[PDB]
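*Asks:* turn this into a structure:
(chains A, B, C, D, E, F, G and H, ligands or ions: 4)
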Amino acid sequence: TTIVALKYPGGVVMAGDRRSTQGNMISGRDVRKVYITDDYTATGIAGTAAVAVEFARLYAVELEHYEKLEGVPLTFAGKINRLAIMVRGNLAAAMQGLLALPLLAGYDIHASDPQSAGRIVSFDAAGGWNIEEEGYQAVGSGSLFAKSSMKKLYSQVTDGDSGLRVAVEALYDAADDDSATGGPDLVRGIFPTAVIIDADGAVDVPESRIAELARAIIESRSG
Amino acid sequence: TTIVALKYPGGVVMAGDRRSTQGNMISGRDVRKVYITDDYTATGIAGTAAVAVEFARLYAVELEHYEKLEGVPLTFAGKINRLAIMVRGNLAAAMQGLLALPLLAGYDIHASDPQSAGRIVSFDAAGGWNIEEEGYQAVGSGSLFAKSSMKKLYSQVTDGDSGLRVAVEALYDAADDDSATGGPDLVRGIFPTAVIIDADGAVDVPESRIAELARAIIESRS
Amino acid sequence: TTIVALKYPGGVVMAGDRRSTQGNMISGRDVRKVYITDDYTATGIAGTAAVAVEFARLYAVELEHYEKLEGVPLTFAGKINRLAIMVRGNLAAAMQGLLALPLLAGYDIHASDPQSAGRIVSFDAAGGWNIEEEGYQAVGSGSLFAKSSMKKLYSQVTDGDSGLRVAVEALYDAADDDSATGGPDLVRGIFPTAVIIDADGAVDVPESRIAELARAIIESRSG
Amino acid sequence: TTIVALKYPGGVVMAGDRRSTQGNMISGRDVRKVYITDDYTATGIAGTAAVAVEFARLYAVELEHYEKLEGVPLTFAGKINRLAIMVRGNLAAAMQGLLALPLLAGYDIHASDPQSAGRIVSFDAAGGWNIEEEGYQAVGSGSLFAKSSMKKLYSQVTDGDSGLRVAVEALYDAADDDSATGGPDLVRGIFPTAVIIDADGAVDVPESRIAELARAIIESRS
Amino acid sequence: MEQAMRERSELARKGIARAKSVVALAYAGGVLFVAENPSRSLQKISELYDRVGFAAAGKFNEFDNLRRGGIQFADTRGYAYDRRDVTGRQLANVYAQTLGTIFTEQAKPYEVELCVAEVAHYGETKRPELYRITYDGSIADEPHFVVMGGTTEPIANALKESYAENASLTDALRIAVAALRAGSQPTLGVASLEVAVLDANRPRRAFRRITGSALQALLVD
Amino acid sequence: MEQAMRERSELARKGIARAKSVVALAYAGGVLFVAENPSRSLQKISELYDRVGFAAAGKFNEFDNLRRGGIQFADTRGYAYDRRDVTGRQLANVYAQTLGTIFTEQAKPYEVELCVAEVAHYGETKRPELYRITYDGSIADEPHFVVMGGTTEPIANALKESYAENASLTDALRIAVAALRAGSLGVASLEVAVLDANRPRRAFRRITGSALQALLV
Amino acid sequence: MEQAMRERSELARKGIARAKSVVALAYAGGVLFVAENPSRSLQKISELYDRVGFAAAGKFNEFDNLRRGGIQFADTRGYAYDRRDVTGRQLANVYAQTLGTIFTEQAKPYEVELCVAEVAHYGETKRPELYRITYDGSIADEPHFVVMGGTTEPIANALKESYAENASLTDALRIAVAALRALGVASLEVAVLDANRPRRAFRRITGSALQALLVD
Amino acid sequence: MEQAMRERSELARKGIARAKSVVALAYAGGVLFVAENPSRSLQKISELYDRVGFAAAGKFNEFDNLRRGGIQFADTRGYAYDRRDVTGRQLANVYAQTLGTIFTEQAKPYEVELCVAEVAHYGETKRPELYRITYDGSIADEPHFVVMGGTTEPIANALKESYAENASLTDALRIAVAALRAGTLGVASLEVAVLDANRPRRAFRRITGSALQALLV
Ligand SMILES: CCN(CC)C(=O)C[C@H](NC(=O)CCc1ccccc1)C(=O)N[C@@H](COC)C(=O)NCc1cccc2ccccc12
Ligand SMILES: CCN(CC)C(=O)C[C@H](NC(=O)CCc1ccccc1)C(=O)N[C@@H](COC)C(=O)NCc1cccc2ccccc12
Ligand SMILES: CCN(CC)C(=O)C[C@H](NC(=O)CCc1ccccc1)C(=O)N[C@@H](COC)C(=O)NCc1cccc2ccccc12
Ligand SMILES: CCN(CC)C(=O)C[C@H](NC(=O)CCc1ccccc1)C(=O)N[C@@H](COC)C(=O)NCc1cccc2ccccc12
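*Replies:* Numbers count the residues shown, from 1 in each chain, chains lettered A, B, ... in the order given. Ligands and ions are numbered 1, 2, ... in the order given. Next comes the structure:
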């Protein structure tokens, strides 16, 4: 599993692979690991599928629950803190093998500078969190390959399209070196999922766009 | 012990073998592992018999309970979530040996396109589930053989009859390679059970039809 | 221990041996392991004596309790479910060594065909049950031998008496190959206990009949 | 991780490095380990990040909670006892591995001598605490290196600025001998954080001054 | 405590009398439930179990509480033993106990009247059963029809002189709407009726509703 | 018994009659909520779930309690099964049960009247549903409009005379404020919101300030 | 039923009517709290959260209970989510819920009247908000001033004639004490929500400072 | 409800009226407590904390319950934080809260009147604080003296004309017993104690027997 998130001028992008495994066996090819949890936040989770999906679903319900109760959404700091509390709550089960870590990407409408309002927050199994000011972050079994790829490719990120391509290429490198991360399946037409978030909100990237970028990367690696 | 489900144009079919074991000893030949749990859904369960049958019965009761309380049945998504929550509830006992995994097959009456309204959902011991988009799925100790057989045979599914044939043949390959899965017993006349679900609901496939399909497969293999 | 039960045209028969052991030591020669639990069901239990007897007693009380509360007896399916739930209730103690498995024999008064209205239900330690369609079943340390004997002798079952002699002979083979199962004691005059159930109810088979059948079997095996 | 605190005439200084690790891997370069917990106290914490940040945040909320409820802040002794009670509260999880120790620096406005009103309190995993009378203290994986450096450099502390330099230099030696402690990153411009507390309260030291002191030390060792 | 029970009984009785009327009658195909009901989605008639149906008159939230409780009881008993062990007599008995406790011990008694009906299982031949449970837990076994809510005497007489045990579904429906009209004047259209049947000819779940154009076809020709 | 329930009923009914009025009516774009409300931050109109909205009249803290309880019910059921299983009928039904319990068993009955509205999900054709739940748990399924609080008869009659099915948003708003004015009204005295059946997911949107001023002229 | 609630409303109303008065005013620098208070250490005005302040009239132990409950609520919410998710409207709403519950269910209703005020965070432009919560849980959203306790009609009328938006601190103080007299430093409790403080906006004005403000 | 509360107030007030009197006044050495008390071992004046003392009038078992609760509170707080975080204002506040709850909720209200006094810690200069808590939770901050129990007005006026800030112990004792008499008293009818600001640790000490006698003379 690999989830990547990176900041671009005016927004944030998050993408995740589609592979579900049990040991060495591939048990899913079209799986969704990045969820729009808020008008302005997406969450991608790595680890035990059941725990990950329960995290995303419960989290979205919690955010919208506060928003309807109090008439205003949580501050981004509040969102961070609630996700952290949720992870720490799962710590014991994580020690028993039901481990899931989230990666949070959001757009802070209350930020001073609308171009650096993108936010990327990573978490550990104890709920400790870090807001990444270096622009990118990844989580999952291929996260270090993806992060190191983005270290070299991040200088090319100037808008949503360049950041989306860098994200998809980092997922490509991740799948290239980690068998638990699935690469682009051109036979079945299955490609990573991506969410982009700017001032106008969080939208799902159509799969055909991700496909176009994937073919660009592939031919770039062939000749 | 091996449960298969596959989508066909306008519906879904689920079939399961009849063998009950304790270790290597055969303790049942006529066992039923596929249950119609709702007018539009069937559930087939693998694992500890007590847990499997309790899953099927409790699940069906839960669905009709909601339907009578609220006057309308659950959406298919809700059905998925309830089955998953039940599995997750049993996780602790499953870690102690009372393990049972379900396979859910349904026809979503609220789907836009009725020809692809069939649904196949698989589950793991933690309640994680996946809606199968590749058309077929299996569960149990012979599920790998059945899945690969359906991988080669699925191009032949064009209606309920061909899909039922491929299902029965996949159970045949499963029993061929897995001693825990029972094949067609022509001496006793015991054959897999099958449920078919289309817009008209979920109905049990008569044993005679499964039998003729079985004989077709058998002499097809000689 | 061996308990046998088999269906015959118009009824069912259940019989059990009389031996109680502690390891290799014989602690009982006259014990009763098959109990009439209601006008149309008999229960024979194998395993720990305390648990087996409590199963029989509590079960009979439960059935008659429902009948007196609601004015009507349970459906046979309901009886099966109650016995199964009781077993599953004992699962933990069984894991600690207080294991007992029951074998249920009944006559379903609500069945369509009164000739095949006999029912034989086996149970495992988790409460899983199977209604035995092939006509006979056994439980206990000699159940394999008794079952394999009944496999060969069942075609001779044409009425209640032939079924009774087949049951007693299966118990004989069980005791022949399993030392925990007691055979007929001709010196003390102790023979297996048997219950027969048809539309007129469940009655204890008189000992004189079983002794005659036993002696016939012994003479048949001597020449 | 290394947190240092030292008394200077009229106040106290606390500084901390910026490195976060998971084993040998660097997972953070800009993290903040020194927090202003109230108008006259700062807390720097070493150990598991989640537990440390929870300590600082909950602690500050607790002090201000008492202050608003009772109209007056806690005495410094009371603040010590509350922080200790919090650590001892985490002892059970600490045994499981979520260990975090704080180092407390404060200015006691109720102290007799306004020049010796500085306070430095160290804590162990059971909540046991020691008020350090020899003027300096450190906590974390480099604390032994930082303490032994300050043992040699403490004679140079005559005002707030010299004390700040001695703090930054002790953090430099700690990072020099302990790979879990981050030194000055001149490429990225990330430097230790520092808080100074005197009679006017606790203020964050501006990054520029720490950068200048760091460059002076680096240039002195080249 | 003479006047506490007097006032509770009178509060419940008046509460039911001010409510709209409901009829349940046995016909050749099973049991027919017909209730005056202006709502499209708020229900007075419900399924309880495979062959057991429910009808209520009075305060909605209260007989809906009782309805949900009955569904719970039925499903729990069917799980604990078997579906075949759940009977209409059982549900009526539990309703008698429950409404007795409510009447004597709740803050305000329930202003409800309940009918529990059972038809035969598929292929079995037995007469339908109707049970009436009143606000104080009184239980009555009634042979032909049950009328609940409002002014019951005109409706009861209307059913009494022109009752057919073996009427068709349409005939029994016409008799029922006629009986309801006599209690309140000339037109009871679809948009004011809730109709459902325990259809003894259904294989498992006998409860089905008759709605809209179908019910219109049953009201005209 | 007779005395106590008479008195409770009268306390609640008088409490509701002394309060500001609220109108909810179905229009071509969904459901329109318009309430007499001078406040800037205290709300009588609320979102419950994706296609389900809430309106109340009477004592604020009490119908706000009921509002939060309804949000908990909706969110919990949607989590327990799926978002699509949550219906306006369910919330109206649980509100009926709840107000029954409060009316009979609470220290003081709630001086509230509730309206639960549901519009169709995106792209589906289904007539809007309006539910009225009164202080004693009485529940009514109303087809065109619901009036709650204050003197309801003049407003109900005004709507009974001036309501047409499927008016545009401006027409429905006009008919609504007119009906309200016939009893005892610009921007800073109205609270307006709509369940917009054309929104893809969350249908509840408020109409406030400059936009509302533009829809009133 | 009507009797018991008449009596509770009457007991609370009479209790508050016999208490000393308190005013809260919006001015150019934030919100000003001025209360008739002879005591030296017992406070009717208090900080709730960073930008949220509290003022009360009536029976001391009761509105002090409510004051502590409000601080507990504010600190708990800020910890559970964030300090900026805590709002004056939240605290006013919870006070409405709480005073409703007290009014209907406690042995004696609380003889209190509450004001929750909120100013903008440092560097933001937002009009202050004033909230009035009465003994029965009724809640009111006020833009200019709140008057609580004692004979409130003369004070309310005095401020109606004498209140100008964005008044200076000295002017708003003087009009406030004028409205109350309808009063030196050792008989007043004065505090302000100062929108110009970076974090904690609440600050008391006591003693020599307060007199320097009153003599103008 | 409204009748029950004024009846409670009347029972408590009458009970305190029929009870012996107590005075506490600030003097140069701290705070002086003087109480009408014939008993040899049942005490109306007690230590609460290092610099905090307690005096009560009315029904003994009740103000002894309150006294024990105050000690419990003070000791618990000093352990939870520090001894110097315990203040007389805290004890007076908790007593106001407690007597409020008792007044409204206990079977019978407490017929008690409480005084909490605090002197400065050793070596500090701060004027003593006196707090009066009445049976309904009313709390009052008093600068010079507190009189409780019986017919108080003569005692208050007598102290008003005879009180001087910073009197010696003998003068303050004289003027106090004079005022109580104005409401023949001696050693075997008085209970006397002081919060002596010159004690380093525990400021509360009793003046009994021959010592008291010397002072009286
Ligand atoms: C039956 C189909 N299915 C359920 C969807 C799976 O095969 C998932 C698989 N279960 C398991 O591996 C079983 C875990 C388990 C073991 C013992 C007791 C109880 C539970 C999994 O989670 N695998 C993990 C491997 O570890 C990291 C995985 O792929 N994780 C990736 C992932 C991330 C976010 C959302 C996801 C949603 C669906 C599938 C995968 C998802
Ligand atoms: C006594 C008659 N009987 C009950 C029907 C059996 O012998 C079945 C057998 N019990 C067991 O193996 C006992 C499990 C156990 C062991 C120790 C402590 C507690 C529990 C079984 O489950 N076997 C499993 C083997 O697992 C892979 C099996 O065959 N499972 C297949 C199966 C699936 C769905 C419905 C079924 C219904 C009846 C029988 C089997 C069914
Ligand atoms: C004192 C006389 N007596 C009681 C009747 C026995 O010796 C019986 C014997 N107890 C035991 O073996 C005790 C087991 C134990 C050990 C430690 C802690 C707890 C329990 C037994 O059950 N033996 C078993 C051996 O298991 C296979 C047995 O014979 N079981 C056969 C049996 C089946 C149904 C009903 C029965 C009733 C009475 C006697 C036997 C019965
Ligand atoms: C998601 C990114 N992230 C959170 C910020 C981290 O990688 C931090 C890291 N977690 C871990 O090492 C996970 C620990 C764990 C073990 C078993 C089950 C569950 C959890 C850590 O705390 N490392 C410790 C290692 O101490 C030697 C550390 O660096 N501690 C230094 C530190 C001190 C004060 C405040 C801090 C705030 C943020 C980050 C670090 C901070």
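*Asks:* make sure residue E:78 is indeed in a helix.
*Replies:* Yes - under DSSP: H, G, I helix; E, B strand; the rest coil, residue E:78 sits within a helix.
*Asks:* for the closest residue to it other than its chain neighbours, grab the count of nearby residues.
*Replies:* Sequence neighbours aside, residue E:86 is the residue nearest to residue E:78 in space, at 4.8 Å (criterion: C-beta to C-beta, 6 or more residues apart in numbering or on different chains). Just so you know, the C-beta spots here come from the backbone N, C-alpha and C atoms, and that holds for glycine as well. Neighbourhood size, residue E:86 [other C-beta atoms under 10 Å in any protein chain shown]: 24.
*Asks:* how about residue E:86, phi and psi?
*Replies:* Dihedral angles of residue E:86 (phi, psi; degrees, to the nearest 10) stand at phi -80, psi 120.
*Asks:* quick one: the helices in chain A?
*Replies:* Ranges of helices within chain A are A:49-70, A:76-89, A:91-95, A:143-153, A:160-177, A:207-222, based on DSSP state H.
*Asks:* what residues sit buried inside the fourth one?
*Replies:* Of the residues in helix A:143-153, those scored as buried under the neighbour-count criterion (16 or more other C-beta atoms under 10 Å in any protein chain shown) are A:143, A:145, A:146, A:147, A:149, A:150, A:153.
*Asks:* try the fifth one
*Replies:* Using 16+ other C-beta under 10 Å as the burial criterion, the residues of helix A:160-177 that qualify are A:160, A:162-175.
*Asks:* hmm, it in reach of ligand 1?
*Replies:* No - judged by C-beta under 6 Å from any ligand atom, helix A:160-177 makes no contact with ligand 1; its nearest approach is 13.0 Å.
*Asks:* before we move on, the earlier item: which of the helices of chain A sits closest to residue E:102?
*Replies:* For residue E:102, the closest of the helices of chain A is helix A:49-70, at 34.0 Å, according to C-beta to C-beta.
*Asks:* and residue A:156, what does it touch?
*Replies:* Contacts here follow C-beta atoms under 8 Å, 6 or more residues apart in numbering or on different chains; on that basis residue A:156 touches A:162, A:165, A:166.
*Asks:* give me that answer again for 6 Å
*Replies:* Residues near residue A:156 by C-beta atoms under 6 Å, 6 or more residues apart in numbering or on different chains: residue A:162.
*Asks:* that one and chain E: what is the separation?
*Replies:* According to C-beta to the nearest C-beta, to the nearest Å, residue A:156 stands 57 Å off from chain E.
*Asks:* contacts only, for residue A:203.
*Replies:* Contacts of residue A:203 (C-beta under 6 Å, 6+ apart): residue A:196.
*Asks:* which residues does it bridge with?
*Replies:* Taking DSSP bridges as the rule, residue A:203 bridges to residue A:196.
*Asks:* next: residue A:47.
*Replies:* Note on residue A:47: beta-bridge partners residue A:100, judged by DSSP bridges.
*Asks:* so the residue nearest to residue E:78 sits against residue E:76, correct?
*Replies:* No - counting by C-beta atoms under 6 Å, residue E:86 stays clear of residue E:76, with 9.5 Å between them.
*Asks:* not counting its neighbours along the chain, what's nearest the residue most central in space within chain E?
*Replies:* What sits nearest the mean C-alpha location of chain E, by C-alpha atoms, centre = their mean, is residue E:55, with 2.6 Å. Spatial nearest neighbour of residue E:55, chain neighbours left out: residue E:115 (4.4 Å); criterion: C-beta to C-beta, 6+ apart.
*Asks:* from memory the one you found sits against residue E:149, does it?
*Replies:* No - contact criterion C-beta under 6 Å: residue E:115 and residue E:149 do not qualify, at 10.3 Å.
*Asks:* can you get me a residue count around the closest residue to chain C within chain A?
*Replies:* The nearest approach of chain A to chain C comes at residue A:96, 21.2 Å away (C-beta to the nearest C-beta). Neighbourhood size, residue A:96 [other C-beta under 10 Å]: 10.
*Asks:* returning to what we had before: roughly how far does the residue nearest to the centre of chain E sit from chain F?
*Replies:* Noted for residue E:55: a distance of 18 Å to chain F, by C-beta to the nearest C-beta.
*Asks:* for that residue, what are phi and psi?
*Replies:* phi -140, psi 150.
*Asks:* got a list of what it touches?
*Replies:* Counted by C-beta under 6 Å, 6+ apart, residue E:55 has contacts E:22, E:24, E:33, E:45, E:115.
*Asks:* again, only using 8 Å
*Replies:* Residue E:55 neighbours (C-beta under 8 Å, 6+ apart): E:22, E:24, E:33, E:35, E:44, E:45, E:46, E:114, E:115, E:117, E:146, E:148.
*Asks:* how near is it to residue B:162?
*Replies:* Residue E:55 sits 48 Å away from residue B:162, going by C-beta to C-beta, to the nearest Å.
*Asks:* what angle separates the helix or strand harbouring residue E:104 from helix C:49-70?
*Replies:* Element membership for residue E:104 (DSSP states H and E) is helix E:88-105. Helix E:88-105 and helix C:49-70 are oriented at 80 degrees to each other (axes from the mean of the first three to the mean of the last three C-alpha atoms, to 10 degrees).
*Asks:* alright, calling it a day.
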